[PDB]
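Just below is one structure, and these are the notes that go with it.
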Amino acid sequence: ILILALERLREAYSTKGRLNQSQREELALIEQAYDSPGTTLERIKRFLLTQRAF
Amino acid sequence: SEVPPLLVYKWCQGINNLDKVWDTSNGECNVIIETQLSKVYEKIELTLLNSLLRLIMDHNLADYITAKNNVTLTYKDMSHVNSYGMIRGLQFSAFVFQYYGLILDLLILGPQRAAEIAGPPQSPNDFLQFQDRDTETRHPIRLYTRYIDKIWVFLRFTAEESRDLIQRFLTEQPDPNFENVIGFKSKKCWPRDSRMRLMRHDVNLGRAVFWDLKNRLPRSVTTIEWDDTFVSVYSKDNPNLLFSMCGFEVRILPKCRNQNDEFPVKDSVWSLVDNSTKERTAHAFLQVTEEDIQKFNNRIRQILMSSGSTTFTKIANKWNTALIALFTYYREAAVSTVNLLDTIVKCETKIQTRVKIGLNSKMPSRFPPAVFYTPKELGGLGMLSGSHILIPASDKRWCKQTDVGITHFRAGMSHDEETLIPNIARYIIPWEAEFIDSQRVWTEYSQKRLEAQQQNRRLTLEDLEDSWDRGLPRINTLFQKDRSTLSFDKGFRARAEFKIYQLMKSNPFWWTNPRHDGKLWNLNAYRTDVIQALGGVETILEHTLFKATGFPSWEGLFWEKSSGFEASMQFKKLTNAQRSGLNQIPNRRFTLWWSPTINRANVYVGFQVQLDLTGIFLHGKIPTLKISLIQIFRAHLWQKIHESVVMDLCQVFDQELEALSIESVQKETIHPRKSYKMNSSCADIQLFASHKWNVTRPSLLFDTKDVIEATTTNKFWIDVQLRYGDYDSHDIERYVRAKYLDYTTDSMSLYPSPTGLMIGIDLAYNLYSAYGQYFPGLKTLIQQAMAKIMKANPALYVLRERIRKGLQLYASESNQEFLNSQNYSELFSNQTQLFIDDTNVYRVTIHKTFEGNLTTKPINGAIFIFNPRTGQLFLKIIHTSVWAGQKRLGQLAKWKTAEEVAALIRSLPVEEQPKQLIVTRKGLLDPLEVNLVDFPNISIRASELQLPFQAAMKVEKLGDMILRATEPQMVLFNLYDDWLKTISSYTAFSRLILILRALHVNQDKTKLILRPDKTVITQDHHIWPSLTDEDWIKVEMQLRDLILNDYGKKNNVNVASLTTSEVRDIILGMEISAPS
Amino acid sequence: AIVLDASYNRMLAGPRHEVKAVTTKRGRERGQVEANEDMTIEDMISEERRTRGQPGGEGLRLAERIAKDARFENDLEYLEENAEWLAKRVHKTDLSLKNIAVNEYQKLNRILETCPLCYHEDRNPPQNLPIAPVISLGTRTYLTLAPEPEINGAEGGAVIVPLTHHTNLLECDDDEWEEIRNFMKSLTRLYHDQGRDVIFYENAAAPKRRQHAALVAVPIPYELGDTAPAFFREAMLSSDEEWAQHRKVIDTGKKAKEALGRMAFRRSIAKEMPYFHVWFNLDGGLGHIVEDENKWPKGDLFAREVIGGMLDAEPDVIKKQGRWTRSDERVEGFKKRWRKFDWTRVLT
Amino acid sequence: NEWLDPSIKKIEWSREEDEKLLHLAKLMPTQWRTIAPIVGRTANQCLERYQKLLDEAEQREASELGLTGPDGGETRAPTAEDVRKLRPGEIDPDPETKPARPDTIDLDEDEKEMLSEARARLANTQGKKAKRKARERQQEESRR
RNA sequence: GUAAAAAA
Ligand SMILES: [Zn+2]
């Protein structure tokens, strides 16, 4: 499920020449989620349990 | 499960397979109402949404979703809190809306009819089918679908039900004054007889059904609007059934209502078959809606507006994606719709106009469809077409220069048929064929797998070869990479439909998924037929600049990618205009490549100009072409080419005074700019006759009919005229004849003499021809001379290298001609050539340690240098002391070898410096070439021949002195012994190759054959034993058949089947494909 | 400073006869140059010889001219009127050119030292051996294992790697390639005795990273060893730019069967292009020119994805890049399995 | 917006404020950006106070029941803020709502450069043409 | 560097 989600966000970045700061940090977050899938899953489930203001 | 065309197809099939649907005997009517749920996302209430999501899922997930919808939206200096309505840009918004819309579907249908349409929970219905026929016919609502927020309802009304419903509607809203027709809706795209003027009862039934559904929906949540709604009624008076779904106008006509006995069979009409009685009971006509024609036109408008500043290739790619998505979506509806095809023609014209304006600000008369539609592999833009473009045979004309001369072909003149650019509408399979073919291909693949596991074998590509680009989804999708994640990927179509709210970049392929559906189109046949319709690759490359770049074959041509100046150079903080120019450098590449066909008078009619320092005529202002041509012919390259050609021809004349009985050869130097003077000409080379010669009539160089006139003459000229021919004018024979006749019969030209010959050179196409008088010797001498010149002139080498660097082309190892059989024969001319071998230099040997480990301990090597014209063998011995303490050892072995070869060339005097070098390894070219930058008159090339200087190392004395070497050394040996005095150098080199390949293939049998008698003694200053001529040819034959037998037993090929040239090729070191 | 020859900067090769010192005061003191528009055979040929292989090329030089031009308008009238000055090239000062040379030296030294596959005779043991534990070492190539984790069902994979830190096995030498073919034959025989087919691949898809060119041998079972060209065909048809400049799949096996022999791969692809190639035979296979650096997978992810797709694997095991270690038990086990087929052993 | 705006009350919540917060959180559930202007505090303040009130009432329920023994052992279950106390390698999601951390004795180099550039940027007021006119006034004065 | 006598 997580790999499908990250592939969707990365293909939202697929054809991009110039990247701004939020674009580069979202690419970095995606590759961190690729490298540590378990930690990302715990963080995601913690956010889904706890966060109500965004 | 399905793509939106398959959804439309299934909706047509469901309508056709309803009970008695076309029966209007008892007054029953059918209604399709399509409408849109107005302001649903806007009117979602977040507390109620939290309650409904709490129903279907965990409360933490529901609370996350609604809290996520309650956010602050910002745009520049504006901000507000969204506290009412959903945000469609959240990732889960498509899911949340499909659930909310399901609740709205329950409101529209009622729970009981929704349960009947959905079927029982354990065995749910298929799409548009029911459990049984009474459940189908219980209720007036027969078919229902919601696509996000568009809904379609198909109702079937008896006369009594229709009367009750119209009675209630007119009780609520009474209006007799006949404006329900003047305010109703109908399809103005179909024919008038496919429609008609409306009727009171059908109109009242339509507005009454709309009224009933609007009464079902509560306005605070959502409503449906009459301006959003289209209604169609099929009755006894209206035998037609109209609806739009996802882009398709669909008109259904029953076969029991059609007024013709027979039907014109169309590739564009769906034949709706009854699923019980199995005959075609209805026809469905499809068109594209005008809204979608507008959407495609707006997509091309968006391309043009954002693409005033980008490349021709990106413009072409965007056009290609738009067109292929349009045609692969609509298929039959596209070729049915007449306004769509006109829009495609106009949009294609606009795209080509964009490329034309970006090339030159003034509109031309005719670019070739070659330059627009040639595939990207041949340097074209690779555009597809949805129009019909005539390809003229004036574009299809092409010529070829061989040693005989010039051959002209007019391809297409086999037939009078109009060659057209092909149409992807003809290359894409219709949707109905796709659905039937999908059924049959998946059944076929399942069976083929069944026999594969029955006979317990492997599936082969020959099994899964015919059933390859077929199906929905594709067998290709069975062979894509990820399949587990694909099994877990759900909701992707709805996800894309909401991806328009997360991304600015619109997807023309929004309707299909390559990961799930697979690629639903293929253009290999299209591209081959485009090449054939353009007239073949030879015709295309006649249009281009392929002749001037000096490449052997168009296969193996590679184009370097040139786009990364964004990441590369934006650190310079460029201006908007600056980075637009950097974004359009790929346009100079395209313009240079297609240059011979653009600046033509027929293309750009007008007042031609002349490029400074050249003889190029520029037709209109093409600034990137002008810049590139200045970068090519900079440093007076036109006049310097003329000077180098004249110098080479005068060198040939200087060495052939005695051959042609020429008293002296004069080199006129008064005119430095006559080369690119084009109004008239003077002469370049002067010939003074020692004896009175009889010259021929004026004729071309390659004409074989020499009519020697009786007029005696003494004074001759040779006049070299350069040219840069466009595609309209690159017939160098006609050019040289016409300019020769004019410059002789025109009195402002002052030739120094009344006899002469004019040689003209077309630089843009690498051509040449001559016209004038000939005393004997000129034809053969100038033939050999000009062949060697245009294969050997260094100014022309500079020109070819500049064109290669300006196109950024690379080539495979079908590269510049290495050593082969022909230049193997051509070694033995007067030029000083020299072989360089370095494979024996850096030698390492595997030594076993006391631990059992392996050490790559280096030993000495020897740079081998071989003059074959004199049989000289220089050896440069390099030591382990040199190899000590270095990293990247093989690389610096090559670089050292280049360094000491350059040192030896430096030590050599001018008279003893070689003209040509040939390296055995092809890796030495870069280090040797850059270290011989200082000696650029040396021509350096590589060898495709694998000569056995390994065996030359394997000779006893040389290997012994290499082993006994302590310091670096430099020694010289002789390899021809006395064969220079006995036989020819050709035969001596052949014998040397024979003995060295014999030593390559074995050592004991080789030395036994070389020394069959102990009376034969090898003396001191010779390397090989002294034999007679008959003994030497006997040893030659023995080593020849020894090598042939070893090759036969190694490759399992019979010896007697090889020809003499083939046996020579094995003796040389070449590789030959098997004759069997 | 410290040698820095033409091998380290090809523009540091003799006199620059294409340049000309600027007559102005700043051209005297800063050290700008210009174009030597009176030049001959010698000068032009020397210039092209020195300027082949430059990054970017003539496109980058025109880009530098535009980036200098402050009055530049992207307009055809402007380009035509300023055509001469725009066409005029720009030549770097010798100080900046030495800066380029020392920069590539520092980058190349860092890459060469950090590369886990190079073998040099300079640094002392145990650092003389590479990080990859050598099993069989020919005269100029050798063989180690694929790093952990491997794709399940394809365990025991090897890599054939030359001593010379190339970027392409088109850059590799003739004898390097010959003993690479011998390694391929030996591994093919080993895996056929194992009962499995073998495929080989070279990932030259990122030549700007200057990785050590290695040929990975992956063993696969029999039926998917038959169907492997379909998987690689589909992946290379789907994983790159749709409107590609070249053919998406070039069939070196088909060219070899037609007539190129062994030399189909080395005579079919230009060495200056980024590519991926897979061998199923010993003389052929099929390959792809990587034209979209963003759309192509990063690193060896392309081949890992394809191999996992055949051998259905955990995607974590797929996108976990391999990491090399020096002491490795399964390398010892693969050596004690390998020592039968070793032609380097029968040579020694 | 969440800390430094001068309309943000960082004093302790009154009883009327707590009653309003609970009443609105019952009315418009999990809609904190909507609730916060009516209460008068920020959305993060309202959310953190609401979960603190719920945890306080949970602890008073546990104390009233007396499930645990004496308050001198290690058998107490951790609080919600204890579970939400960060993992080793966990990022704060709302450091803009957390209060400011005081300056250390020794600043780091990024902070010295940050202070220097702050001073220069605050002092600067002119554009490029105004600066060249001042420079050329001085140069013309000296030349004259 | 193209458009006025231990801080390109
Ligand atoms: Zn390395």
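Residue numbers (PDB author numbering), protein chains in the order written: chain A, 965 to 1018; chain B, 1072 to 2147; chain C, 398 to 745; chain D, 49 to 192. Idealized CB from N, CA, C, for every residue including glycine.
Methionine 1575/B in three-state terms, based on DSSP: In the displayed model, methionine 1575/B falls within coil according to three-state DSSP, outside both helix and strand.
Test item: CB-CB of residue 2157/B and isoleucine 1492/B under 8 Å: Look at the range of chain B in this structure, 1072 to 2147, and you will see that residue 2157/B is not part of it.
Contact list for the segment 83-96 of chain D against chain A, Cβ threshold 7 Å: Taking 7 Å as the upper bound on Cβ-Cβ separation, chain A lies near residues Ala91, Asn92, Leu95 of the segment 83-96 of chain D.
heavy atom of ligand 1 below 7 Å from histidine 517/C C-beta: Every heavy atom of ligand 1 is 7 Å or more from the Cβ of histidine 517/C, so no.
Buried or exposed by the 16-neighbour rule on C-beta atoms within 10 Å, applied to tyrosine 1845/B: Only buried fits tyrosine 1845/B, as 16 or more other CB atoms lie within 10 angstroms of its CB.
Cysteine 1260/B in three-state terms, based on DSSP: Coil at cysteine 1260/B, not helix or strand.
Distance cut-off 7 Å: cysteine 569/C Cβ against heavy atoms of ligand 1: It does not: the Cβ of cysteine 569/C is nowhere closer than 7 Å to a heavy atom of ligand 1.
Exposure of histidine 609/C, with buried meaning 16 or more beta-carbon neighbours within 10 Å: Buried, because 16 or more other Cβ atoms sit within 10 Å of the Cβ of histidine 609/C.
Beta-carbon neighbours of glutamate 1116/B, restricted to chain A and to distances below 7 Å: Correct list: empty, because the minimum Cβ distance to chain A is about 18 Å.
One or two residues paired with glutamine 1681/B in a DSSP bridge: Its beta-bridge partners are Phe1688/B.
Residues that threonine 1556/B contacts on chain A, provided the C-beta gap is smaller than 8 Å: Neighbours of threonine 1556/B on chain A, chain order: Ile967, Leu968, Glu971.
Straight-line Cα distance separating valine 1102/B from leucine 1199/B: If you take the alpha carbons of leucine 1199/B and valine 1102/B, they lie about 16 Å apart.
Cβ-based neighbour list, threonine 1420/B, same chain, cut-off 6 Å, excluding 5 preceding and 5 following: So no residue of the chain qualifies.
Short CB-CB distance (under 8 Å) between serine 583/C and chain B: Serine 583/C does not count as touching chain B.
Heavy atom of ligand 1 within 7 Å of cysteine 512/C beta-carbon: Yes.
Same chain, Cβ closer than 7 Å to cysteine 1260/B, five either side skipped, listed in chain order: The beta carbon of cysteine 1260/B sits closer than 7 Å to the beta carbons of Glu1320, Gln1358, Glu1361 from its chain, once the five residues preceding and following it are set aside; these are given in chain order.
Candidates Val743/C, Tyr588/C, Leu679/C, of which the one nearest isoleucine 577/C by Cα: The shortest C-alpha separation from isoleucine 577/C is found at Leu679/C.
Pairwise C-alpha distance: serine 1761/B and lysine 2052/B: Between the alpha carbons of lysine 2052/B and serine 1761/B lies a distance of about 37 Å.
Cβ of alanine 1017/A within 8 Å of any chain B Cβ: Yes, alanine 1017/A counts as interfacial toward chain B.
As assigned by DSSP and simplified to three states, the class of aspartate 1129/B: In the three-state reduction of the DSSP assignment, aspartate 1129/B falls in the coil class.
Proximity test, residue 748/C beta-carbon vs ligand 1 heavy atom, cut-off 7 Å: With chain C covering 398 to 745 only, the question about residue 748/C has no answer from this structure.
Residues that DSSP places opposite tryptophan 1630/B in a beta bridge: Looking at the DSSP output, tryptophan 1630/B sits in a beta bridge with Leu1880/B.
Local Cβ density within 10 Å of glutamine 1887/B, reported as buried at 16 or more and exposed below that: Looking at its Cβ environment, which holds fewer than 16 other Cβ atoms inside 10 Å, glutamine 1887/B is exposed.
Neighbour-count burial assignment, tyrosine 1806/B, 16 or more Cβ in a 10 Å radius: It is buried - the Cβ of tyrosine 1806/B has at least 16 other Cβ atoms within 10 Å.
Residue closest to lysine 1876/B, alpha-carbon to alpha-carbon, out of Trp2050/B, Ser1699/B, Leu2018/B, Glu1982/B: The shortest Cα separation from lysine 1876/B among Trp2050/B, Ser1699/B, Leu2018/B, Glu1982/B belongs to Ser1699/B.
Cα-Cα separation, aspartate 53/D to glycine 88/D: Linking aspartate 53/D to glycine 88/D through their CA atoms gives a straight-line distance of about 13 Å.
Residues of its chain near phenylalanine 1937/B, where Cβ-Cβ distance is below 6 Å and the 5 sequence neighbours each way are ignored: Closer than 6 Å at the Cβ level, and outside the excluded window around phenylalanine 1937/B, lie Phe1906, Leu1944.
Closer than 8 Å to chain B by CB, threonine 78/D: Closer than 8 Å: yes.
Beta carbon proximity, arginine 192/D to chain A, threshold 8 Å: It does not: the Cβ of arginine 192/D has no partner Cβ on chain A nearer than 8 Å.
Chain-ordered chain C contacts of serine 986/A [CB-CB under 7 Å]: Counting only Cβ-Cβ distances below 7 Å, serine 986/A has no contacts in chain C at all, with the closest Cβ about 18 Å away.
Residue-level contact to chain C via CB, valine 2001/B, 8 Å cutoff: With 8 Å as the cut-off, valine 2001/B counts as an interface residue toward chain C.
Given 8 Å, three or more beta-carbon pairs between the segment 1891-1910 of chain B and the segment 1718-1725 of chain B: Judged by Cβ distances under 8 Å, the segment 1891-1910 of chain B makes no contact with the segment 1718-1725 of chain B, as fewer than three pairs qualify.
Among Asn2002/B, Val2106/B, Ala1404/B, nearest to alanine 1974/B - alpha-carbon criterion: Measuring from the Cα of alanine 1974/B, the nearest candidate turns out to be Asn2002/B.
Per-residue DSSP class, three states only, for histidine 589/C: DSSP places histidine 589/C in the helix class (H, G or I) of the three-state scheme.
Chain-order list of residues whose beta-carbon lies under 8 Å from that of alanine 661/C (same chain, five-residue window excluded): Hits under 8 Å: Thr649, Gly650, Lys652, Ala653, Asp680, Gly681.
Cβ shell of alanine 1604/B (< 7 Å), same chain only, five flanking positions each side left out: Only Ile1462, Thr1490, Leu1491, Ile1492, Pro1493 meet the Cβ criterion.
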